[PDB]
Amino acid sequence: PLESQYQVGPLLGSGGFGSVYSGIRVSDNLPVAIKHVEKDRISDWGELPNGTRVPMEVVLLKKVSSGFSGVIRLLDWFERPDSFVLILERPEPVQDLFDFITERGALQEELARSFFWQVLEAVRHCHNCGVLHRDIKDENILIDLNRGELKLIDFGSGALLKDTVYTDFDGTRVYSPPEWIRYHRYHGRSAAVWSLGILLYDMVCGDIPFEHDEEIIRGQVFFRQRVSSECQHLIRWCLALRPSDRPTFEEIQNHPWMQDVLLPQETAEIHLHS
């Protein structure tokens, strides 16, 4: 029935992933994010148990909709003549890593260590559920200013996790791995490590390292900011040209720089002064 259930608010954001609004659950007054998607702009649809032709983004979300707050949760969805309305939980207050970074420029390695770690745990959850985000970046990461927790959002570019090879891609280009930029071929797991490599750099440097294909294809990494001798390692390791030479989510978390990580609360209580 909608409407009588949710009280739509202002336009949070939009873009190629759709349009999101700041609505409230009339039921218990729970802050939620309403997302809209045109059936014409849907890259690839999915399938539900009860045999219902619904968007893939919905299929992916439901597969990761758990108590784990590492990823955005899908409260409920609806179908319309030429579009779908996804109801997602909405943190309050909250700010995406993109604006956060633009606001406070580069981030202290300590703070990064915390975020990046939470991200890994999140991504691991997705893969652990046969789900590949395929579009990991600062814009798709929210920050629960209070609990200092992070969440992954927008799965419109993701797809079912498979050990084979992906020939298609609809995520952000600057974050895409070199193997794709050239041969338009890549493997989820290995590719994910590359995007994370870019992200990690984006945090410690305040911006992405590569801007053009030529830069990506090459793979040479330069640090404009002061980064620990070890952090640079982990970063370059992920950004390894040859996928096979890239670190695994395990090796990444076992990396020296990924030690003595702060807790969600401590982090917010120190860097988010709450």
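Residue indices: 1-based, along the sequence shown. Only the largest set of C-alpha atoms that superpose within 1.5 Å between the two forms is called the rigid core.
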To spell it out: superpose each other structure in 4 other deposited structures of this protein onto this one by the rigid core, compute Cα RMS over structures and residues for 254 to 262 and for 9 to 17. Which is larger? 9 to 17
Name the stretch, 234 to 242 or 43 to 51, whose C-alpha atoms sit farther from the shown form on average in 4 other deposited structures of this protein, taking the rigid core as the superposition reference. 43 to 51
Got a sec? Mean C-alpha B-factor, which is higher, 112 to 120 or 186 to 194? 186 to 194
Taking only the CA atoms, which stretch has the higher mean B-factor in the record, 121 to 129 or 151 to 159? 151 to 159
For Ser244, the third of its chain into which the C-alpha B factor falls: middle
Sort the modelled residues of this chain by their C-alpha B factor and say whether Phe68 lands in the lowest, middle or highest third. highest
Taking the C-alpha B-factors as the PDB entry records them, is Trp237 in the lowest, middle or highest third of its chain? lowest
When the modelled residues of the chain are sorted by Cα temperature factor, does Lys62 land in the lowest, middle or highest third? middle
When the deposited Cα B-factors of this chain's modelled residues are ordered and cut into thirds, is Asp144 in the lowest, the middle or the highest one? middle
